[PDB]
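In structure tokens, one chain follows: the form deposited in one PDB entry.
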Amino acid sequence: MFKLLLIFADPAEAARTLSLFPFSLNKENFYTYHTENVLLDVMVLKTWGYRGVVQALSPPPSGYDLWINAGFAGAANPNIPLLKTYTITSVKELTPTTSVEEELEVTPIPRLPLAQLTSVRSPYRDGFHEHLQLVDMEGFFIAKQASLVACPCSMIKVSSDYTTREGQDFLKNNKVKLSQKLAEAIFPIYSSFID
């Protein structure tokens, strides 16, 4: 029996995927669905408050066969069109006050185009950048927690906004469309693990 964990940063990202299957809330306060040989669970990191906390995935969930982090990401290069779904090859956490970085490889999803991801704490609205592609908040954290349970981790990121002040309105106004692109990319993955 194949056990797949989906991880979304927030409810908006998760919404359309949660519509795809008849999930139920379990007694542990997260969403679950199973059929045939597949268990499909969903966890949402930040449902409350102004920020996510480390205990959202600490200790990391044990026992799954694959984690997929699906979410929105800002485009920091104008050559990335919006509303486009990518899979991630590597994710780096960047600390802007020191320029110190860490970086982990992640497992690409078949048939999605490849991109690099940088995770940063604060929303990225500085502008465009020579050496950034997609930018999110939680990707590195999730990949690093996955390493603690030796579970492979893949990422699906949809381009949600250009990383400028003016560009944030597009994210504000297109959350349903963006969440739908995530759902459409997740389905063929789920389907490939039916035995």
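Under this definition, the rigid core comprises the largest set of C-alpha atoms superposing within 1.5 Å between the forms. Numbering starts at 1 and runs along the sequence shown. Residues that one form lacks are left out of the comparison.
Heads up, the form deposited in another entry isn't pictured, but that's what we're talking about next.
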- Query: With the core lined up, does the C-alpha of residue 53 move 2 Å or more between the shown form and the other one?
  - Reply: yes
- Message: Please determine whether the C-alpha atom of residue 27 is displaced by 2 Å or more between the shown form and the other one following superposition on the rigid core.
- Response: yes
- Query: Rigid core fitted, is the C-alpha displacement of residue 107 between the shown form and the other one 2 Å or more?
  - Reply: no
- Query: Taking the shown form as reference, are the C-alpha positions of residue 138 and residue 48 brought closer or pushed farther apart in the other entry, with a change of 3 Å or more?
  - Reply: closer
- With a difference of at least 3 Å, the CA distance of residue 50 and residue 142 in the other entry shows the atoms closer
- Stretches between the shown form and the other one where the CA atoms of at least 3 consecutive shared residues shift 2 Å or more, core fixed: 27 to 29, 46 to 53, 95 to 102
